[PDB]
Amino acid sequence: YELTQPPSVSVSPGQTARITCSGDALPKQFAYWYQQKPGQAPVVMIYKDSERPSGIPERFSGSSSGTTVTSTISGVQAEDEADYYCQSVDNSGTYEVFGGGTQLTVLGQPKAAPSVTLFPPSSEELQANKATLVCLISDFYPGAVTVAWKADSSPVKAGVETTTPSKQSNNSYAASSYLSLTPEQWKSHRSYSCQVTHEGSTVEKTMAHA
């Protein structure tokens, strides 16, 4: 026994979203709806088909008809960009089940440029005979960039570890790149650089030793 909901649904701000679940035991059993944001636990938006908790916006409402149950979000806001899972029991009432999960993506999010802060190897890390340059990239939409490490105009490839982009609370994305050097590698150049490219725009940060 499983509950079927579409893995993806796309909507624009101010429009009425609809996410539906299906199951053979829905005539018997009540459903529940959980919103989940990045790096956070699930939170109920609607319970027992159509009952809203205090604290949840009036936007959120739930209806039921036969073997389907439909969570509805009116005048959708960017706030609501999140996964929505439906929850119910089988017709025996003993085996609990979650649906596949529906990724609700909100469209028309404006092009956000990435903020970049480049940190050099700490005074302490050089005493351990290592050197890690830390490039922190935050607040960019859509969620995808490319990172070019330049050792004094020369492109670097070895020792590079770059994160996959990660969805934040504010709905823009974040990433971080770690260039690994030895003390001498670091110290034998007048400058290194982290060059992050986002939608045909390359913004860079630079630091030396002295």
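Sequential numbering from 1, following the sequence displayed.
Chemist: Looking only at CA atoms, which has the higher mean B factor in the entry: 63-71 or 164-172?
Modeler: Looking at the recorded C-alpha B-factors, 164-172 comes out higher on average.
Chemist: Look up the CA B-factors in the entry and say which stretch, 138-146 or 50-58, has the higher mean.
Modeler: It is 138-146 that shows the higher mean C-alpha B-factor.
Chemist: Identify, among 31, 45, 41, 156, the residue whose C-alpha carries the highest B-factor in the deposited PDB entry.
Modeler: That would be 156, according to the entry.
Chemist: Looking at 15, 188, 10, 20, which has the highest CA B-factor as recorded?
Modeler: Of the options given, 188 has the highest CA B-factor in the PDB entry.
Chemist: Report the third (lowest, middle or highest) to which the CA temperature factor of residue 90 belongs, ranking only the modelled residues of the same chain.
Modeler: Tercile = middle for this residue's CA B-factor.
Chemist: Divide the modelled residues of the chain into thirds by Cα B-factor and specify which third, lowest, middle or highest, holds residue 104.
Modeler: Middle third of the chain for residue 104's C-alpha B-factor.
Chemist: Lowest, middle or highest third: which one holds residue 35 when the chain's residues are ordered by CA B-factor from the entry?
Modeler: For residue 35, the deposited C-alpha B-factor lands in the lowest third.
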